[PDB]
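Below you'll find the structure, written out as structure tokens, and then a few comments.
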Amino acid sequence: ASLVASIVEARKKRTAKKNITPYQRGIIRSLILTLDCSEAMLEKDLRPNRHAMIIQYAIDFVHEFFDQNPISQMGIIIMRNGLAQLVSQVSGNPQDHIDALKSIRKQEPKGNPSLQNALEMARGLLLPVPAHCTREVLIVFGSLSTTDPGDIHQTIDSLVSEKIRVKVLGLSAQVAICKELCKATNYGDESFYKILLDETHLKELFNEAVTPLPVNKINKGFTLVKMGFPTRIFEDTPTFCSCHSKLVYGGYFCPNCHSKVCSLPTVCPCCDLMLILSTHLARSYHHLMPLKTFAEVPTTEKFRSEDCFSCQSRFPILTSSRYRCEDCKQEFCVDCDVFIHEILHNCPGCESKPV
Amino acid sequence: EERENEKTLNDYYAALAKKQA
Amino acid sequence: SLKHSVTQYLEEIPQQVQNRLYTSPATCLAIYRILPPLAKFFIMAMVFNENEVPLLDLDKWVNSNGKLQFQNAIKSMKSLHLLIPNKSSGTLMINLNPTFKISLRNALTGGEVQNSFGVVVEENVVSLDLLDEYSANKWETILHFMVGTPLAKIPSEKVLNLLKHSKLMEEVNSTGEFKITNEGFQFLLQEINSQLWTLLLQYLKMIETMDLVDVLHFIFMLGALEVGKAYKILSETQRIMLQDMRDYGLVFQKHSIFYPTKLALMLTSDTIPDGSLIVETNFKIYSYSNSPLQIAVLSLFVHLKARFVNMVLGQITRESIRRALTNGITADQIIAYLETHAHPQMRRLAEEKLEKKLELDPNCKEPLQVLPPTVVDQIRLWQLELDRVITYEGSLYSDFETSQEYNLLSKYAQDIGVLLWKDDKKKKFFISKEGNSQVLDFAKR
Amino acid sequence: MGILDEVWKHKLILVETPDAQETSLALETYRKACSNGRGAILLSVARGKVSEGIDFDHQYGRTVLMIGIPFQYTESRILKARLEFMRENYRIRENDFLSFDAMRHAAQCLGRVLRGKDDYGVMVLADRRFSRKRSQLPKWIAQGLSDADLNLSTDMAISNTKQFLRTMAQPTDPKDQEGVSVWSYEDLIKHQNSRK
Amino acid sequence: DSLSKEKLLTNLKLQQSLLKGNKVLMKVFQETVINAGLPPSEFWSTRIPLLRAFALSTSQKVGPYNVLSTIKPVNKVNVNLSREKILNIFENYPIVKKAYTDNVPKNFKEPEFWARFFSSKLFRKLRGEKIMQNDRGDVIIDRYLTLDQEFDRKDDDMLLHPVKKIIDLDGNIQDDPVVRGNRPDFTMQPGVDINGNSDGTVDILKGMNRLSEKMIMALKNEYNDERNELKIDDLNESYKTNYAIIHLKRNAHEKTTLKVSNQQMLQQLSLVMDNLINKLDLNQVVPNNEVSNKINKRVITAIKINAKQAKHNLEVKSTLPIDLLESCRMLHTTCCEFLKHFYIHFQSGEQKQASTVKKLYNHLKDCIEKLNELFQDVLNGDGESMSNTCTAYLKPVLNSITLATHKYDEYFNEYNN
Amino acid sequence: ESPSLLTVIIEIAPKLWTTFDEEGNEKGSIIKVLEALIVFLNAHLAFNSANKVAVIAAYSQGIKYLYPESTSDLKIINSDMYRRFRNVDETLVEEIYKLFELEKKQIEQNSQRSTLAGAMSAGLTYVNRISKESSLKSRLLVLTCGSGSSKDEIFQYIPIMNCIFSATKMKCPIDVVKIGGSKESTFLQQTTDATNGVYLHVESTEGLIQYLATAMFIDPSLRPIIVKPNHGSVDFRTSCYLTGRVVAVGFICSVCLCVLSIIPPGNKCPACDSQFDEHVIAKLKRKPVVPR
Ligand SMILES: [Zn+2]
Ligand SMILES: [Zn+2]
Ligand SMILES: [Zn+2]
Ligand SMILES: [Zn+2]
Ligand SMILES: [Zn+2]
């Protein structure tokens with residue numbers, strides 16, 4: 001009954017994932033990572049520490065977000081001891097955020113939260129943000145209480161007026177205020193306020209939260225952006241960079257002012273334009289067209305092939321692990337189907353199928 | 001040290017001089 | 001130092017004998033496998049364009065990160081008489097050995113191989129049930145003979161003479177028995193192909209004509225052979241040493257055909273786990289390994305209790321430890337066996353606490369022992385209490401005139417390797433009797 | 001002795017004031033506290049004014065303690081005369097009635113948590129003598145009560161509340177209750193055809 | 001509020017404080033504003049988000065909390081006196097603020113002052129402790145008891161207001177207030193003694209309550225509906241993701257600035273199958289060592305240039321003296337600041353900024369002459385051997401400077417002429 | 001120093017080599033190509049012992065798992081070869097001749113599509129299969145006969161980006177060998193520059209094994225301590241979507257990000273029909289305002 005339980009849990013997951021839709025999602029993103037050094041995250045119920053696995057899983061999320069969404073920029077606000085602090089603003093450089101993260105790892109967490117203070121200066125950080133740059137904040141919380149200098153509801157209505165969507169990730173259980181926050185922040189939706197059960201589910205929440213979020217018709221931002229690629233020149237001399245003024249052997253040229261920069265994807269510092277490559281736009285076409293799930297055929301029918309169409313391995317008999325792409329009508333194994341849906345972004349059976 | 005203070009307080013009265021003028 | 005010992009024996013072998021060894025493609029393939037990646041790259045770069053290159057071109061190609069290993073590769077390449085570095089037109093023209101070059105070329109192209117791959121009969125039989133089992137039987141018999149338990153199938157007479165004449169399993173005929181030397185406990189601690197290399201090194205060291213290049217070439221094609229097939233019975237000396245290594249259990253020979261077992265591939269290359277032994281402060285043994293060989297080799301220095309299918313148990317006694325120390329077994333050999341039989345749980349915990357203490361400090365006010373010392377240092381303090389003395393017997397002088405003469409005569413004895421002891425405070429030293437005449441002659445001069 | 005002083009840092013506390021004006025203002029503060037999410041803790045009598053019609057739901061109705069059996073004070077002459085009175089008339093047992101009436105008051109207090117099929121909570125009861133009162137409990141209340149839950153302690157009560165909040169800290173499939181607890185009109189029609 | 005770019009430019013004292021905090025921003029400020037003569041208004045106009053970040057950092061305060069419940073005195077008790085805790089107590093309790101404001105400068109000093117404040121009855125009274133009449137306290141602070149009681153009645157008066165109807169239990173108790181039944185037991189009355197005087201637990205409950213409404217009014221500071229809250233969405237339609245889908249149309253245009261036949265490919269296929277089934281020769285592939293020599297010539301021609309590049313595949317070590325090195329660094333940095341302001345000027349697209357473009361172009365021409373005389377000075381003081389390094393190093397920024405001059409000149413001739 | 005998973009991408013197309021040998025005189029050059037491939041794989045398995053070799057090629061209408069053999073004897077080569085090498089080469093040439101029997105069967109079946117995207121897809125699936133089994137260094141080698149005029153490359157460009165991302169995550173360097181009348185293959189040059197690979201375009205089938213021996217022998221154990229010999233220098237830009245011209249600075253539609261060198265006619269996206277703000281695009285069209 002182990003395979004039957006695995007099949008019915010995969011059915012429940014498939015019922016959750018039936019809504020495969022090509023929604024327009026948040027691409028030009030601006031992120032704030034609210035963190036807390038409070039005394040609640042000192043508890044050794046988590047091994048070695050709540051704050052420990054916060055530090056390492058935050059480093060992993062920083063890497064995953066800079067990979068999956070390179071063109072976006074993400075900031076870090078730390079809550080500690082009655083007043084929140086800023087250690088990293090929004091940047092295309094992960095290195096500064098990683099260095100701040102390991103500085104927080106070196107230091108001790110202690111304090112008590114002021115979520116209104118964190119939201120207020122997060123509001124000020126997102127104040128000079130363009131309209132196409134979507135404003136999103138991620139929230140972690142290890143407690144059940146927060147004292148705040150003033151009322152939270154004016155802050156709530158003001159941030160709703162600032163057109164923001166926010167996910168909140170609590171430690172213990174659901175809190176009614178954070179549920180209301182995700183409700184009013186996310187147009188009545190309360191799927192944005194989720195609580196973990198263990199570290200495996202916690203990491204799964206991180207891997208979900210790297211992904212972009214679909215955007216509504218009513219908050220329409222249909223416009224154009226003035227984009228331009230830089231040109232890499234493998235130069236023969238140590239040469240000054242525009243930003244840090246240090247002598248670099250090779251690098252890029254600006255498409256307009258011909259200045260060089262250390263890294264991509266970054267704006268120009270001089271003529272002030274976003275300079276990316278085809279990789280960064282190429283990173284999210286599998287968001288732009290998704291990959292619909294593949295028809296796991298039953299063992300009752302006769303099959304076109306009794307071995308895998310892709311990895312070329314023979315199919316088993318009690319259950320039929322022959323998973324058929326509806327866009328290609330070729331059955332694949334469970335291993336190849338899971339790997340293609342998690343990594344690959346084209347069906348080779350659909351490459352075989354002529355159109 | 002002290003040498004920044006006379007610079008920025010001379011500039012304090014310089015900004016006031018253009019404020020009245 | 002196994003490939004280093006092979007290269008050292010090859011460099012001891014003179015230049016034209018080496019060039020005779022470089023004649024044939026199988027020997028050149030075996031030597032191609034011996035040489036480092038850099039020297040392998042150099043000879044494959046050179047083998048298809050017949051241009052003698054200056055050394056300065058090689059210096060231009062070589063990045064200085066791998067410059068030391070480059071120097072090691074070209075020094076072995078020169079000392080093996082495989083390179084021809086001459087400074088023709090002022091710059092060092094470099095040339096690979098041409099016989100080696102053409103034999104490697106014929107091996108790569110599949111050209112003239114002269115059955116250096118093997119004089120085939122190709123009348124193959126099953127190897128799993130005949131060849132592997134005969135090899136396991138004969139190798140089991142000689143392994144228990146090297147343990148010391150009595151067994152009916154003794155080794156051959158020439159390998160018995162190998163153990164007698166060699167310092168490896170000294171067959172002390174005054175006691176009438178084969179005896180475990182310290183060199184032979186090192187032999188026991190060696191890897192399987194290391195043991196094979198030690199056996200052939202001793203056998204070639206004492207065998208004389210039995211032509212030397214016949215021994216060389218025949219062994220290199222023996223390593224180059226594959227498994228489970230019949231082959232033609234080659235030279236006469238190669239045939240009688242083939243029947244000799246048939247008596248070693250290495251080949252299954254049906255008295256012209258012969259069927260080389262897995263051991264030819266073993267000679268060519270190697271191949272909570274097996275052999276992972278739980279150490280104990282209780283000094284009790286929970287081995288993750290069981291064989292009659294395992295009980296046979298563990299009984300030499302452990303009081304054992306019983307055998308199960310993977311866990312043969314017992315107790316370390318200090319009597320067993322002192323038994324090992326009186327067997328000529330080094331405490332370093334015993335502890336080296338303990339790192340070969342370490343266990344994953346204590347290894348994980350030692351790595352976690354190693355990172356934890358290196359986060360604090362490198363010194364830690366304690367002596368260094370990464371594995372848990374409650375099993376180890378109790379034995380190792382008793383192993384520090386094993387030898388702990390030194391004895392000088394023979395000629396001894398005292399009360400010199402000047403310290404400079406003392407240091408000069410003592411330093412001279414150290415240079416020629418006859419000094420056994422010295423003390424700067426007492427201005428006295430001891431030298432061996434062999435070195436007495438040389439030190440006296442230096443003292444007069 | 002200060003345990004109130006140290007538990008002050010978690011939430012607020014309100015107690016049933018003798019003036020119901022102050023009690024109403026207290027309820028307003030508790031409503032605003034659960035609105036902003038600070039939350040407060042409430043104390044009132046099983047025969048008090050809060051116990052006779054005040055509702056609590058989905059953050060207000062989350063868990064309710066009863067400590068000991070809510071008995072009427074024993075040495076009331078009116079109570080003893082009524083006890084004798086109903087025994088001579090309708091043969092009503094005295095101690096059985098007293099237990100039943102205390103369970104009636106307790107069940108009335110503990111019914112102020114659940115409104116529809118969406119609220120949830122843990123129902124915690126603190127006395128040794130509570131175990132023999134499943135018959136005096138209502139049918140649906142004792143239906144969710146387990147026989148293993150008849151004698152529990154604070155540690156595994158704390159544990160079971162933790163696994164409760166992890167359980168409904170997560171969503172649920174609508175199809176598991178699409179026609180068995182919630183009905184559509186078509187589900188009602190299908191049940192009607194099943195009955196006939 | 002004071003959040004506009006105008007107000008951020010107006011806060012000159014905040015600009016002074018942040019400038020004094022930073023160091024390289026000071027050095028940039030003297031070189032631009034003091035040495036070159038840059039107006040401050042457009043110095044800080046390129047730094048408006050940084051000004052805003054500093055303004056938010058300075059302009060924030062913390063949540064109120066009960067100082068008293070948290071702080072314990074721990075025999076003279078030791079105190080970790082924090083001025084932040086002192087002001088926490090001050091704007092927590094204006095009675096304590098008023099007791100402070102007439103005692104330090106007039107009556108007694110600060111340490112004897114806070115010693116009396118820890119000693120006082122009102123300390124332990126307003127602290128989470130019922131006041132004991134056995135305690136001597138501080139007789140000077142005992143005059144503040146009736147003043148704080150007046151504050152209690154005044155705060156109760158301003159706090160008291162009409163109550164929301166559905167929540168109000170006064171409607172329940174006044175639903176039938178003419179009931180003449182029997183009063184409840186001693187259980188339901190408050191805790192009093194045999195004299196009828198209470199223990200004061202209702203009084204301390206009133207005090208902690210009044211602390212909670214002070215928190216409510218601190219939230220409720222300067223800084224119908226019943227139908228919706230009584231409506232239940234449990235049996236209603238769930239929220240619909242009204243997110244727009246995207247569809248693609250794809251037609252890539254080809255680039256802007258011989259054909260074999262089916263018979264030809266069939267016969268070549270026939271020939272190559274004939275050759276394949278015919279023969280494969282092993283050693284025919286070895287090049288003739290002259291065409292292989294030209295192969296080696298082409299390979300080493302690639303290797304020489306590519307490894308010469310790979311020879312040059314904190315910054316690099318420099319032969320410049322540190323004074324000249326820093327001077328060219330700061331001149332490069334301020335000229336970059338000029339050119340970024342020039343892109344602000346040119347990309348503005350306004351006739352209003354014409355005199356700004358003119359005067360800044362004069363400043364850039366001065367920067368050009370500064371660079372030329374700089375290179376002349378390094379030339380005559382060093383024999384050009386590293387002044388070549390200085391000129392090649394500062395070459396790309398002056399190249400973009402010349403690009404800006406040529407753009408300004410060409411556009412000037414386009415619109416003027 | 002590691003069990004080095006080595007796999008070669010082969011793009012097989014009769015249109016490509018027939019264009020090659022009718023443009024030039026290299027009739028039967030593919031025979032010298034296969035012999036050089038056989039010698040180079042023999043050299044690779046003579047270098048490492050625990051290494052892996054797989055061969056997969058993509059014909060006109062599809063792909064094939066050429067090596068290893070499927071999960072469901074003629075001897076052109078000699079018996080004087082080593083047994084492992086002879087077995088691999090004999091399996092290879094048997095699969096080649098059966099594939100040529102298939103090619104003769106469907107010779108006038110004509111495909112204007114290319115299954116190269118599926119070829120790199122299936123190659124990377126099998127590379128992940130091998131690396132997931134049992135710590136294995138990986139290097140992938142592509143082969144093209146680019147003398148035939150490529151019909152379209154833009155539809156191939158997006159799985160090129162996907163496989164570049166996946167292989168860059170999978171630490172794999174990929175080198176290009178090109179044989180074509182065109183000097184460059186643009187996206188292949190982008191692939192070599194991005195994925196730490198070596199671009200090369202040649203014409204002659206002779207000296208090919210010398211070129212492989214000199215350049216294609218770099219292994220991931222010793223890759224970063226030596227210069228890649230490639231000479232290309234690329235910008236990773238693109239032609240415009242609707243006008244087909246390479247653009248220095250331009251526009252992309254903020255919904256769909258199709259590259260626009262100029263103002264889109266209809267004020268609307270030519271890839272996802274997104275209408276645009278007329279005031280914003282008028283501000284973009286505004287030239288800088290200059291003193292008179
Ligand atoms: Zn830089
Ligand atoms: Zn620029
Ligand atoms: Zn598969
Ligand atoms: Zn498909
Ligand atoms: Zn579009």
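Simple scheme: letters A, B, ... for chains in structure tokens order, numbers from 1 for residues in each chain, numbers from 1 for ligands in the order shown.
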
When the cut-off is 7 Å and you count only C-alpha atoms and all ligand atoms, which residues lie near ligand 2, shown as a PyMOL selection string?
chain A and resi 254-259+268-273

Take the residues from that selection and write them out as a PDB file, in the first residue's frame, keeping N, CA and C atoms.
```pdb
ATOM      1  N   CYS A 254      29.848  50.585 -22.047  1.00  0.00           N
ATOM      2  CA  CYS A 254      28.466  51.034 -22.024  1.00  0.00           C
ATOM      3  C   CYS A 254      27.967  51.230 -23.455  1.00  0.00           C
ATOM      4  N   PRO A 255      26.707  50.884 -23.744  1.00  0.00           N
ATOM      5  CA  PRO A 255      26.165  51.139 -25.091  1.00  0.00           C
ATOM      6  C   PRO A 255      26.051  52.610 -25.459  1.00  0.00           C
ATOM      7  N   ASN A 256      26.033  53.523 -24.489  1.00  0.00           N
ATOM      8  CA  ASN A 256      25.961  54.945 -24.788  1.00  0.00           C
ATOM      9  C   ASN A 256      27.231  55.694 -24.406  1.00  0.00           C
ATOM     10  N   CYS A 257      27.634  55.658 -23.140  1.00  0.00           N
ATOM     11  CA  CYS A 257      28.753  56.479 -22.702  1.00  0.00           C
ATOM     12  C   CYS A 257      30.084  55.747 -22.759  1.00  0.00           C
ATOM     13  N   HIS A 258      30.078  54.476 -23.173  1.00  0.00           N
ATOM     14  CA  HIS A 258      31.234  53.604 -23.400  1.00  0.00           C
ATOM     15  C   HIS A 258      32.047  53.333 -22.138  1.00  0.00           C
ATOM     16  N   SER A 259      31.496  53.628 -20.964  1.00  0.00           N
ATOM     17  CA  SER A 259      32.170  53.359 -19.712  1.00  0.00           C
ATOM     18  C   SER A 259      32.104  51.872 -19.394  1.00  0.00           C
ATOM     19  N   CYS A 268      23.575  51.178 -15.672  1.00  0.00           N
ATOM     20  CA  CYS A 268      24.715  52.046 -15.896  1.00  0.00           C
ATOM     21  C   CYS A 268      24.827  53.019 -14.726  1.00  0.00           C
ATOM     22  N   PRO A 269      26.038  53.295 -14.246  1.00  0.00           N
ATOM     23  CA  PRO A 269      26.188  54.368 -13.261  1.00  0.00           C
ATOM     24  C   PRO A 269      26.250  55.743 -13.886  1.00  0.00           C
ATOM     25  N   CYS A 270      26.540  55.845 -15.181  1.00  0.00           N
ATOM     26  CA  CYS A 270      26.838  57.132 -15.789  1.00  0.00           C
ATOM     27  C   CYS A 270      25.683  57.661 -16.627  1.00  0.00           C
ATOM     28  N   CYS A 271      25.269  56.947 -17.672  1.00  0.00           N
ATOM     29  CA  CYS A 271      24.089  57.349 -18.422  1.00  0.00           C
ATOM     30  C   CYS A 271      22.836  56.637 -17.942  1.00  0.00           C
ATOM     31  N   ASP A 272      22.966  55.810 -16.898  1.00  0.00           N
ATOM     32  CA  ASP A 272      21.881  55.363 -16.018  1.00  0.00           C
ATOM     33  C   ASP A 272      20.822  54.535 -16.749  1.00  0.00           C
ATOM     34  N   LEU A 273      21.270  53.404 -17.285  1.00  0.00           N
ATOM     35  CA  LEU A 273      20.413  52.497 -18.029  1.00  0.00           C
ATOM     36  C   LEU A 273      20.761  51.068 -17.640  1.00  0.00           C
TER      37      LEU A 273
END
```

Could the residues that lie within 7 Å of ligand 4, counting only C-alpha atoms and all ligand atoms, be listed as a PyMOL selection string?
chain A and resi 325-330+347-350

Output of the above residues as a PDB file, in the first residue's frame, restricted to C-alpha atoms:
```
ATOM      1  CA  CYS A 325       3.384  14.716 -22.756  1.00  0.00           C
ATOM      2  CA  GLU A 326       0.062  15.933 -24.153  1.00  0.00           C
ATOM      3  CA  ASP A 327       1.937  18.293 -26.487  1.00  0.00           C
ATOM      4  CA  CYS A 328       3.926  15.344 -27.878  1.00  0.00           C
ATOM      5  CA  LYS A 329       1.935  12.089 -27.215  1.00  0.00           C
ATOM      6  CA  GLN A 330       5.076  10.256 -26.035  1.00  0.00           C
ATOM      7  CA  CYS A 347      10.195  18.318 -24.600  1.00  0.00           C
ATOM      8  CA  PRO A 348      12.421  16.202 -26.900  1.00  0.00           C
ATOM      9  CA  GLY A 349       9.315  14.165 -27.672  1.00  0.00           C
ATOM     10  CA  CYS A 350       7.810  17.409 -28.953  1.00  0.00           C
TER      11      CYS A 350
END
```

Please identify the residues whose atoms come within 8 Å of ligand 1, using only C-alpha atoms and all ligand atoms, and report them as a PyMOL selection string.
chain A and resi 240-246+261-263

Go ahead and write the selection's residues with N, CA and C atoms as a PDB file, in the first residue's frame.
```
ATOM      1  N   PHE A 240      40.459  51.464 -15.281  1.00  0.00           N
ATOM      2  CA  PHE A 240      39.556  51.945 -14.237  1.00  0.00           C
ATOM      3  C   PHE A 240      38.115  51.537 -14.509  1.00  0.00           C
ATOM      4  N   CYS A 241      37.445  51.036 -13.479  1.00  0.00           N
ATOM      5  CA  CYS A 241      36.005  50.862 -13.541  1.00  0.00           C
ATOM      6  C   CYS A 241      35.328  52.169 -13.167  1.00  0.00           C
ATOM      7  N   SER A 242      34.102  52.350 -13.663  1.00  0.00           N
ATOM      8  CA  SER A 242      33.373  53.581 -13.376  1.00  0.00           C
ATOM      9  C   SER A 242      32.932  53.635 -11.921  1.00  0.00           C
ATOM     10  N   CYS A 243      32.524  52.496 -11.364  1.00  0.00           N
ATOM     11  CA  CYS A 243      31.956  52.486 -10.023  1.00  0.00           C
ATOM     12  C   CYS A 243      33.038  52.605  -8.957  1.00  0.00           C
ATOM     13  N   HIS A 244      33.919  51.614  -8.871  1.00  0.00           N
ATOM     14  CA  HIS A 244      34.838  51.507  -7.748  1.00  0.00           C
ATOM     15  C   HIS A 244      36.199  52.120  -8.013  1.00  0.00           C
ATOM     16  N   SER A 245      36.438  52.600  -9.243  1.00  0.00           N
ATOM     17  CA  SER A 245      37.644  53.334  -9.647  1.00  0.00           C
ATOM     18  C   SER A 245      38.905  52.498  -9.443  1.00  0.00           C
ATOM     19  N   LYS A 246      38.867  51.256  -9.907  1.00  0.00           N
ATOM     20  CA  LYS A 246      39.995  50.362  -9.719  1.00  0.00           C
ATOM     21  C   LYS A 246      40.367  49.711 -11.039  1.00  0.00           C
ATOM     22  N   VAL A 261      32.008  48.679 -16.430  1.00  0.00           N
ATOM     23  CA  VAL A 261      31.453  48.328 -15.133  1.00  0.00           C
ATOM     24  C   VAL A 261      32.016  46.956 -14.778  1.00  0.00           C
ATOM     25  N   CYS A 262      32.015  46.642 -13.482  1.00  0.00           N
ATOM     26  CA  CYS A 262      32.557  45.365 -13.034  1.00  0.00           C
ATOM     27  C   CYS A 262      31.619  44.205 -13.353  1.00  0.00           C
ATOM     28  N   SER A 263      30.312  44.393 -13.182  1.00  0.00           N
ATOM     29  CA  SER A 263      29.393  43.264 -13.171  1.00  0.00           C
ATOM     30  C   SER A 263      28.093  43.604 -13.890  1.00  0.00           C
TER      31      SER A 263
END
```

At a cut-off of 6 Å, which residues of chain E touch chain D? Count only C-alpha atoms and give the answer as number ranges by chain.
E: 168-170

Let me make sure I understand: among A:190, A:335, A:151, A:120, which one has the smallest atom-to-atom distance to ligand 3 if we use only C-alpha atoms and all ligand atoms?
A:335

Taking only residues of chain F that have an atom at most 10 Å from an atom of ligand 3, what is each one's shortest atom pair and its distance in Å to one decimal, using only C-alpha atoms and all ligand atoms, in chain and number order, as a Markdown table?
```
| residue | atom | partner | partner_atom_place_in_ligand_line | distance |
| --- | --- | --- | --- | --- |
| F:122 | CA | ligand 3 | 1 (Zn) | 9.9 |
| F:125 | CA | ligand 3 | 1 (Zn) | 8.6 |
| F:126 | CA | ligand 3 | 1 (Zn) | 9.2 |
| F:129 | CA | ligand 3 | 1 (Zn) | 9.3 |
```

Give as a ChimeraX atom specification the residues surrounding ligand 5 up to a distance of 10 Å, considering only C-alpha atoms and all ligand atoms.
/A:222-224 /E:246-249 /F:252-260,268-276

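Note that the spacing between CA of residue 79 in chain E and CA of residue 115 in chain E amounts to 10.1 Å.
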